[PDB]
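The structure file structure-v1.cif is reproduced below (mmCIF, N, CA, C and O atoms).
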data_my_file
#
loop_
_atom_site.group_PDB
_atom_site.id
_atom_site.type_symbol
_atom_site.label_atom_id
_atom_site.label_comp_id
_atom_site.auth_asym_id
_atom_site.auth_seq_id
_atom_site.Cartn_x
_atom_site.Cartn_y
_atom_site.Cartn_z
ATOM 1 N N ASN A 232 -14.388 -6.516 -14.230
ATOM 2 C CA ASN A 232 -13.301 -7.388 -14.659
ATOM 3 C C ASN A 232 -12.008 -7.047 -13.924
ATOM 4 O O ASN A 232 -11.781 -5.896 -13.548
ATOM 5 N N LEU A 233 -11.164 -8.053 -13.725
ATOM 6 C CA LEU A 233 -9.892 -7.861 -13.036
ATOM 7 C C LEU A 233 -8.828 -7.335 -13.995
ATOM 8 O O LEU A 233 -8.222 -6.291 -13.752
ATOM 9 N N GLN A 234 -8.607 -8.065 -15.082
ATOM 10 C CA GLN A 234 -7.616 -7.672 -16.078
ATOM 11 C C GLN A 234 -7.644 -6.164 -16.307
ATOM 12 O O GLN A 234 -6.618 -5.493 -16.202
ATOM 13 N N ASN A 235 -8.824 -5.640 -16.620
ATOM 14 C CA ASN A 235 -8.985 -4.211 -16.864
ATOM 15 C C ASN A 235 -9.818 -3.561 -15.764
ATOM 16 O O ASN A 235 -10.707 -2.755 -16.037
ATOM 17 N N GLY A 236 -9.523 -3.916 -14.517
ATOM 18 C CA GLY A 236 -10.252 -3.358 -13.394
ATOM 19 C C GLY A 236 -10.274 -1.843 -13.412
ATOM 20 O O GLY A 236 -9.785 -1.205 -14.344
ATOM 21 N N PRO A 237 -10.852 -1.243 -12.360
ATOM 22 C CA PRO A 237 -10.948 0.215 -12.235
ATOM 23 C C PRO A 237 -9.593 0.867 -11.987
ATOM 24 O O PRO A 237 -9.292 1.924 -12.541
ATOM 25 N N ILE A 238 -8.779 0.230 -11.152
ATOM 26 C CA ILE A 238 -7.455 0.749 -10.832
ATOM 27 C C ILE A 238 -6.608 0.907 -12.090
ATOM 28 O O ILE A 238 -6.396 -0.051 -12.833
ATOM 29 N N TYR A 239 -6.126 2.123 -12.323
ATOM 30 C CA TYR A 239 -5.302 2.407 -13.491
ATOM 31 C C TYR A 239 -4.079 3.235 -13.107
ATOM 32 O O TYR A 239 -4.126 4.465 -13.102
ATOM 33 N N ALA A 240 -2.986 2.551 -12.787
ATOM 34 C CA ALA A 240 -1.750 3.221 -12.404
ATOM 35 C C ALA A 240 -0.667 3.020 -13.458
ATOM 36 O O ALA A 240 -0.266 1.891 -13.742
ATOM 37 N N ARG A 241 -0.197 4.121 -14.036
ATOM 38 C CA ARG A 241 0.839 4.064 -15.060
ATOM 39 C C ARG A 241 2.226 4.194 -14.439
ATOM 40 O O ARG A 241 2.366 4.602 -13.286
ATOM 41 N N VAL A 242 3.250 3.843 -15.210
ATOM 42 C CA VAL A 242 4.627 3.921 -14.737
ATOM 43 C C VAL A 242 5.385 5.046 -15.433
ATOM 44 O O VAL A 242 5.065 5.417 -16.563
ATOM 45 N N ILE A 243 6.390 5.585 -14.751
ATOM 46 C CA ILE A 243 7.195 6.666 -15.305
ATOM 47 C C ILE A 243 8.683 6.399 -15.112
ATOM 48 O O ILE A 243 9.526 7.183 -15.548
ATOM 49 N N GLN A 244 8.999 5.286 -14.457
ATOM 50 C CA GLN A 244 10.386 4.915 -14.207
ATOM 51 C C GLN A 244 10.650 3.476 -14.637
ATOM 52 O O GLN A 244 9.804 2.599 -14.464
ATOM 53 N N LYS A 245 11.830 3.239 -15.200
ATOM 54 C CA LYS A 245 12.208 1.905 -15.655
ATOM 55 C C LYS A 245 13.190 1.258 -14.685
ATOM 56 O O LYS A 245 14.381 1.573 -14.688
ATOM 57 N N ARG A 246 12.685 0.350 -13.856
ATOM 58 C CA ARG A 246 13.518 -0.343 -12.881
ATOM 59 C C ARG A 246 13.585 -1.836 -13.187
ATOM 60 O O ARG A 246 12.561 -2.482 -13.405
ATOM 61 N N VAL A 247 14.799 -2.379 -13.200
ATOM 62 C CA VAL A 247 15.000 -3.795 -13.477
ATOM 63 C C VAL A 247 14.896 -4.626 -12.203
ATOM 64 O O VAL A 247 15.401 -4.249 -11.145
ATOM 65 N N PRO A 248 14.228 -5.784 -12.303
ATOM 66 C CA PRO A 248 14.043 -6.693 -11.169
ATOM 67 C C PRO A 248 15.344 -7.367 -10.748
ATOM 68 O O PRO A 248 16.229 -7.596 -11.571
ATOM 69 N N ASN A 249 15.453 -7.684 -9.462
ATOM 70 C CA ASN A 249 16.647 -8.334 -8.934
ATOM 71 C C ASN A 249 16.782 -9.752 -9.480
ATOM 72 O O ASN A 249 15.786 -10.431 -9.726
ATOM 73 N N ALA A 250 18.023 -10.193 -9.665
ATOM 74 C CA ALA A 250 18.288 -11.531 -10.179
ATOM 75 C C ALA A 250 17.755 -12.599 -9.230
ATOM 76 O O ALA A 250 17.262 -13.639 -9.666
ATOM 77 N N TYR A 251 17.860 -12.336 -7.933
ATOM 78 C CA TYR A 251 17.391 -13.277 -6.922
ATOM 79 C C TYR A 251 15.943 -12.987 -6.537
ATOM 80 O O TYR A 251 15.578 -13.042 -5.363
ATOM 81 N N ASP A 252 15.123 -12.678 -7.536
ATOM 82 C CA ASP A 252 13.715 -12.381 -7.305
ATOM 83 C C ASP A 252 12.837 -13.058 -8.353
ATOM 84 O O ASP A 252 12.934 -12.762 -9.544
ATOM 85 N N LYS A 253 11.981 -13.968 -7.903
ATOM 86 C CA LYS A 253 11.086 -14.688 -8.800
ATOM 87 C C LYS A 253 9.755 -13.954 -8.944
ATOM 88 O O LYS A 253 9.290 -13.704 -10.056
ATOM 89 N N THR A 254 9.148 -13.613 -7.812
ATOM 90 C CA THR A 254 7.872 -12.908 -7.812
ATOM 91 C C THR A 254 8.073 -11.406 -7.966
ATOM 92 O O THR A 254 7.273 -10.609 -7.475
ATOM 93 N N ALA A 255 9.147 -11.023 -8.650
ATOM 94 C CA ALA A 255 9.451 -9.615 -8.870
ATOM 95 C C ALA A 255 8.766 -9.096 -10.130
ATOM 96 O O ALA A 255 8.725 -9.780 -11.154
ATOM 97 N N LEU A 256 8.228 -7.884 -10.048
ATOM 98 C CA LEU A 256 7.543 -7.272 -11.182
ATOM 99 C C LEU A 256 8.414 -6.202 -11.832
ATOM 100 O O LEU A 256 8.877 -5.277 -11.165
ATOM 101 N N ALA A 257 8.631 -6.334 -13.136
ATOM 102 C CA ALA A 257 9.442 -5.376 -13.876
ATOM 103 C C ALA A 257 8.665 -4.092 -14.148
ATOM 104 O O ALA A 257 7.455 -4.123 -14.377
ATOM 105 N N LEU A 258 9.366 -2.965 -14.119
ATOM 106 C CA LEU A 258 8.742 -1.669 -14.361
ATOM 107 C C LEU A 258 9.387 -0.968 -15.552
ATOM 108 O O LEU A 258 10.607 -0.813 -15.607
ATOM 109 N N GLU A 259 8.559 -0.544 -16.502
ATOM 110 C CA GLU A 259 9.050 0.142 -17.691
ATOM 111 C C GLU A 259 8.453 1.543 -17.796
ATOM 112 O O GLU A 259 7.271 1.705 -18.099
ATOM 113 N N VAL A 260 9.280 2.553 -17.545
ATOM 114 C CA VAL A 260 8.835 3.940 -17.611
ATOM 115 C C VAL A 260 7.821 4.138 -18.733
ATOM 116 O O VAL A 260 8.120 3.906 -19.904
ATOM 117 N N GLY A 261 6.618 4.571 -18.366
ATOM 118 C CA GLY A 261 5.577 4.795 -19.353
ATOM 119 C C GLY A 261 4.844 3.520 -19.720
ATOM 120 O O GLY A 261 4.885 3.082 -20.869
ATOM 121 N N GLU A 262 4.172 2.923 -18.741
ATOM 122 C CA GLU A 262 3.428 1.689 -18.968
ATOM 123 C C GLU A 262 2.228 1.596 -18.029
ATOM 124 O O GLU A 262 2.200 2.233 -16.976
ATOM 125 N N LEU A 263 1.240 0.799 -18.420
ATOM 126 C CA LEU A 263 0.036 0.623 -17.615
ATOM 127 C C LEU A 263 0.158 -0.601 -16.714
ATOM 128 O O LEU A 263 0.365 -1.718 -17.190
ATOM 129 N N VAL A 264 0.027 -0.385 -15.409
ATOM 130 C CA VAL A 264 0.119 -1.471 -14.441
ATOM 131 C C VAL A 264 -1.040 -1.426 -13.451
ATOM 132 O O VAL A 264 -1.417 -0.359 -12.969
ATOM 133 N N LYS A 265 -1.602 -2.593 -13.154
ATOM 134 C CA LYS A 265 -2.718 -2.689 -12.221
ATOM 135 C C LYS A 265 -2.433 -3.722 -11.136
ATOM 136 O O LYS A 265 -2.817 -4.886 -11.257
ATOM 137 N N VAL A 266 -1.759 -3.290 -10.075
ATOM 138 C CA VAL A 266 -1.425 -4.177 -8.968
ATOM 139 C C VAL A 266 -2.658 -4.921 -8.469
ATOM 140 O O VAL A 266 -3.680 -4.981 -9.153
ATOM 141 N N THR A 267 -2.556 -5.487 -7.270
ATOM 142 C CA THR A 267 -3.662 -6.228 -6.678
ATOM 143 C C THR A 267 -3.869 -5.836 -5.219
ATOM 144 O O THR A 267 -5.002 -5.722 -4.751
ATOM 145 N N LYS A 268 -2.768 -5.628 -4.506
ATOM 146 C CA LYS A 268 -2.827 -5.246 -3.100
ATOM 147 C C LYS A 268 -1.783 -4.181 -2.781
ATOM 148 O O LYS A 268 -0.581 -4.439 -2.846
ATOM 149 N N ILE A 269 -2.249 -2.986 -2.436
ATOM 150 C CA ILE A 269 -1.355 -1.884 -2.104
ATOM 151 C C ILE A 269 -0.881 -1.977 -0.658
ATOM 152 O O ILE A 269 -1.685 -1.942 0.273
ATOM 153 N N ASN A 270 0.431 -2.092 -0.477
ATOM 154 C CA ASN A 270 1.013 -2.188 0.857
ATOM 155 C C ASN A 270 1.197 -0.804 1.471
ATOM 156 O O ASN A 270 1.086 0.212 0.784
ATOM 157 N N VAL A 271 1.480 -0.771 2.769
ATOM 158 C CA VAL A 271 1.682 0.488 3.477
ATOM 159 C C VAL A 271 3.157 0.869 3.511
ATOM 160 O O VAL A 271 3.537 1.865 4.125
ATOM 161 N N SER A 272 3.985 0.069 2.846
ATOM 162 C CA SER A 272 5.420 0.321 2.802
ATOM 163 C C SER A 272 5.834 0.870 1.440
ATOM 164 O O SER A 272 7.015 0.875 1.093
ATOM 165 N N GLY A 273 4.853 1.332 0.672
ATOM 166 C CA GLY A 273 5.134 1.878 -0.643
ATOM 167 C C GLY A 273 5.398 0.798 -1.674
ATOM 168 O O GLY A 273 5.939 1.073 -2.744
ATOM 169 N N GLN A 274 5.017 -0.434 -1.350
ATOM 170 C CA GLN A 274 5.218 -1.558 -2.256
ATOM 171 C C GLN A 274 3.886 -2.194 -2.640
ATOM 172 O O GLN A 274 3.208 -2.787 -1.802
ATOM 173 N N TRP A 275 3.519 -2.064 -3.909
ATOM 174 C CA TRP A 275 2.267 -2.627 -4.403
ATOM 175 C C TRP A 275 2.514 -3.932 -5.152
ATOM 176 O O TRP A 275 3.304 -3.976 -6.095
ATOM 177 N N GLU A 276 1.834 -4.991 -4.726
ATOM 178 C CA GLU A 276 1.981 -6.297 -5.358
ATOM 179 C C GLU A 276 0.681 -6.727 -6.029
ATOM 180 O O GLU A 276 -0.398 -6.612 -5.449
ATOM 181 N N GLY A 277 0.791 -7.223 -7.258
ATOM 182 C CA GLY A 277 -0.383 -7.662 -7.989
ATOM 183 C C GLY A 277 -0.125 -7.787 -9.477
ATOM 184 O O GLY A 277 0.733 -8.560 -9.903
ATOM 185 N N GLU A 278 -0.872 -7.026 -10.272
ATOM 186 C CA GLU A 278 -0.721 -7.059 -11.722
ATOM 187 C C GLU A 278 0.037 -5.831 -12.217
ATOM 188 O O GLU A 278 -0.363 -4.695 -11.961
ATOM 189 N N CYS A 279 1.135 -6.067 -12.928
ATOM 190 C CA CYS A 279 1.951 -4.982 -13.459
ATOM 191 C C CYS A 279 2.341 -5.255 -14.909
ATOM 192 O O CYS A 279 3.115 -6.169 -15.193
ATOM 193 N N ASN A 280 1.801 -4.455 -15.822
ATOM 194 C CA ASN A 280 2.091 -4.609 -17.242
ATOM 195 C C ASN A 280 1.898 -6.057 -17.683
ATOM 196 O O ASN A 280 2.677 -6.585 -18.475
ATOM 197 N N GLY A 281 0.853 -6.694 -17.163
ATOM 198 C CA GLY A 281 0.575 -8.074 -17.514
ATOM 199 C C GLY A 281 1.486 -9.050 -16.796
ATOM 200 O O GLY A 281 1.686 -10.176 -17.252
ATOM 201 N N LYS A 282 2.044 -8.617 -15.670
ATOM 202 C CA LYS A 282 2.940 -9.459 -14.886
ATOM 203 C C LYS A 282 2.457 -9.573 -13.444
ATOM 204 O O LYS A 282 1.646 -8.767 -12.986
ATOM 205 N N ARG A 283 2.961 -10.575 -12.733
ATOM 206 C CA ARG A 283 2.582 -10.792 -11.342
ATOM 207 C C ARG A 283 3.808 -10.775 -10.434
ATOM 208 O O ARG A 283 4.839 -11.366 -10.755
ATOM 209 N N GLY A 284 3.689 -10.093 -9.300
ATOM 210 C CA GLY A 284 4.796 -10.011 -8.364
ATOM 211 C C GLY A 284 4.744 -8.757 -7.514
ATOM 212 O O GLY A 284 3.672 -8.197 -7.283
ATOM 213 N N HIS A 285 5.907 -8.314 -7.044
ATOM 214 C CA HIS A 285 5.989 -7.117 -6.214
ATOM 215 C C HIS A 285 6.931 -6.090 -6.834
ATOM 216 O O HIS A 285 8.017 -6.431 -7.302
ATOM 217 N N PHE A 286 6.507 -4.830 -6.834
ATOM 218 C CA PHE A 286 7.312 -3.753 -7.398
ATOM 219 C C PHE A 286 7.235 -2.504 -6.526
ATOM 220 O O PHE A 286 6.224 -2.226 -5.882
ATOM 221 N N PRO A 287 8.331 -1.730 -6.504
ATOM 222 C CA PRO A 287 8.414 -0.497 -5.716
ATOM 223 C C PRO A 287 7.525 0.610 -6.274
ATOM 224 O O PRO A 287 7.905 1.312 -7.210
ATOM 225 N N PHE A 288 6.339 0.759 -5.692
ATOM 226 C CA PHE A 288 5.396 1.780 -6.132
ATOM 227 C C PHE A 288 6.025 3.168 -6.062
ATOM 228 O O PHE A 288 5.479 4.138 -6.590
ATOM 229 N N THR A 289 7.177 3.257 -5.404
ATOM 230 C CA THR A 289 7.879 4.526 -5.262
ATOM 231 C C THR A 289 8.457 4.988 -6.595
ATOM 232 O O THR A 289 9.100 6.034 -6.675
ATOM 233 N N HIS A 290 8.222 4.201 -7.640
ATOM 234 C CA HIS A 290 8.717 4.529 -8.972
ATOM 235 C C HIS A 290 7.603 4.420 -10.009
ATOM 236 O O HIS A 290 7.861 4.181 -11.189
ATOM 237 N N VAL A 291 6.364 4.596 -9.560
ATOM 238 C CA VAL A 291 5.212 4.517 -10.449
ATOM 239 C C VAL A 291 4.138 5.521 -10.046
ATOM 240 O O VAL A 291 4.129 6.017 -8.919
ATOM 241 N N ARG A 292 3.234 5.817 -10.974
ATOM 242 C CA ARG A 292 2.155 6.764 -10.717
ATOM 243 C C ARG A 292 0.798 6.069 -10.770
ATOM 244 O O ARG A 292 0.572 5.186 -11.597
ATOM 245 N N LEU A 293 -0.101 6.473 -9.879
ATOM 246 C CA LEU A 293 -1.438 5.888 -9.823
ATOM 247 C C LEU A 293 -2.491 6.892 -10.280
ATOM 248 O O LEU A 293 -2.362 8.094 -10.044
ATOM 249 N N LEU A 294 -3.532 6.392 -10.936
ATOM 250 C CA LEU A 294 -4.610 7.245 -11.425
ATOM 251 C C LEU A 294 -5.957 6.535 -11.319
ATOM 252 O O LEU A 294 -6.025 5.306 -11.338
ATOM 253 N N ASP A 295 -7.024 7.318 -11.210
ATOM 254 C CA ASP A 295 -8.370 6.765 -11.105
ATOM 255 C C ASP A 295 -9.174 7.047 -12.371
ATOM 256 O O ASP A 295 -10.400 7.139 -12.331
ATOM 257 N N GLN A 296 -8.473 7.184 -13.493
ATOM 258 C CA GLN A 296 -9.122 7.457 -14.770
ATOM 259 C C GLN A 296 -10.178 8.547 -14.621
ATOM 260 O O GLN A 296 -11.318 8.382 -15.054
ATOM 261 N N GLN A 297 -9.790 9.660 -14.006
ATOM 262 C CA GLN A 297 -10.704 10.777 -13.801
ATOM 263 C C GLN A 297 -9.978 12.110 -13.952
ATOM 264 O O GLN A 297 -9.177 12.491 -13.101
ATOM 265 N N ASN A 298 -10.265 12.814 -15.043
ATOM 266 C CA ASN A 298 -9.639 14.104 -15.306
ATOM 267 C C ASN A 298 -10.690 15.202 -15.439
ATOM 268 O O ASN A 298 -11.438 15.244 -16.414
#
This structure in structure tokens:
Amino acid sequence: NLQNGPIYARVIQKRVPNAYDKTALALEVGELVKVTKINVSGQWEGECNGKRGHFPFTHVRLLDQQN
């Protein structure tokens, strides 16, 4: 499934989206986000806390549900 795919990256920083940004993804420190396409510029775009757009992965943590 996509909604609850394998990718499990949580957030630790709360960053507000720009006013002039429609496809912007909001980030709330301490939340579950599952992007769709990881960029090489540190920007992951996809699914974030049930939202769609682009967010600075430089303010989030990624995990593979494996401890």
Notebook entry, point to check: Between CA of residue 241 in chain A and CA of residue 291 in chain A, what is the distance, to one decimal in Å?
Noted result: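 Pair CA of residue 241 in chain A / CA of residue 291 in chain A returns 6.4 Å.
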Margin query: Calculated over all atoms listed in the file, which of the candidates A:297, A:261, A:256, A:235 has the smallest distance to residue 279 in chain A?
Written below: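 Looking at the shortest contact to residue 279 in chain A, the residue is A:256.
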Checklist line | Atom-to-atom span, atom C of residue 285 in chain A and CA of residue 233 in chain A, Å | finding: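 The value is 18.0 Å.
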Margin query: Translate the PyMOL selection byres ((chain A and resi 273) around 7) into a concrete residue list for this structure, as number ranges by chain.
Written below: A: 269-272, 274-275, 286-290
Check: Which residues come within 8 Å of residue 246 in chain A, counting only C-alpha atoms, excluding same-chain residues fewer than 3 positions away, as a count of residues only?
Finding: 5
